[PDB]
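Step one of this worksheet: look at the structure below.
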Amino acid sequence: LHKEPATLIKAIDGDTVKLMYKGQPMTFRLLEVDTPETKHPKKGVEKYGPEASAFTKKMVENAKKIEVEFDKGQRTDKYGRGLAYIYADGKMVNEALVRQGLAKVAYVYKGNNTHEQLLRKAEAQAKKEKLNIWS
Ligand SMILES: Cc1cn([C@H]2C[C@H](OP(=O)(O)O)[C@@H](COP(=O)(O)O)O2)c(=O)[nH]c1=O
Ligand SMILES: [Ca+2]
């Protein structure tokens, strides 16, 4: 795996962000995690949805340098969203969210599991701390 530069365009919610990647605007969805819903009327505004959103926004907006890291499997979902680990000044947004108890490990499939144990450990620790979602 390798990290590639990208530029923030807009934070959309906890786990979805719009980036400039290789000169073209693209929506990215964070690999191996799920933040709670804030947009879809089916699920409603889920608990910690706004908090996950604000955390991701601050993390990406405040960063000097954004990088995307594709995994070894499928690189886009069915909705055209790029699937990657996003880093803000070298810190993984996906891991930060899980460790903060603001996303759960989810959707681990289609070859994209390089960071699974890293993220599962973060989750176990957030759970032990009864932090946010696990409170
Ligand atoms: C994270 C991730 C999500 N998805 C899809 C599965 C879900 O599709 P369906 O909604 O069609 O079931 C959706 C969950 O993302 P959201 O949490 O952004 O809704 O995104 C993937 O296909 N691959 C992935 O790696
Ligand atoms: Ca989500």
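Numbers here mean position along the shown chain, with the first residue as 1.
Backbone N, Cα and C define each Cβ position, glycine as well.
Annotated in Swiss-Prot:
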ACT_SITE  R29  active site
ACT_SITE  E37  active site
ACT_SITE  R81  active site
BINDING   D15, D34, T35  Ca(2+) binding site
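Feature map: Swiss-Prot annotations on the structure.
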residue : record              : contacts (Cβ under 8 Å, 6+ apart)
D15     : Ca(2+) binding site : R29, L30, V33, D34, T35, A52, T56, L97, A103
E37     : active site         : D13, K43, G44, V45, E46, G49
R81     : active site         : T16, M26, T27, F28, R29
Number of other Cβ atoms within 10 Å of the Cβ of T35 (Ca(2+) binding site) across all protein chains: 26
Contacting recorded positions for ligand 2, chosen from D15, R29, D34, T35, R81 when the Cβ sits under 6 angstroms of any of its atoms: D15, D34, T35
Site of maximum Cβ density within 10 Å, from recorded positions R29, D34: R29
Helix, strand or coil at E37 (active site) [DSSP, three-state]: coil
Cβ under 6 Å from ligand 1: qualifying recorded positions of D34, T35, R81: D34
Check: same-chain CB within 8 A of Ca(2+) site center, minus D15, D34, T35: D13, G14, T16, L30, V33, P36, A52, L97, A103, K104, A106
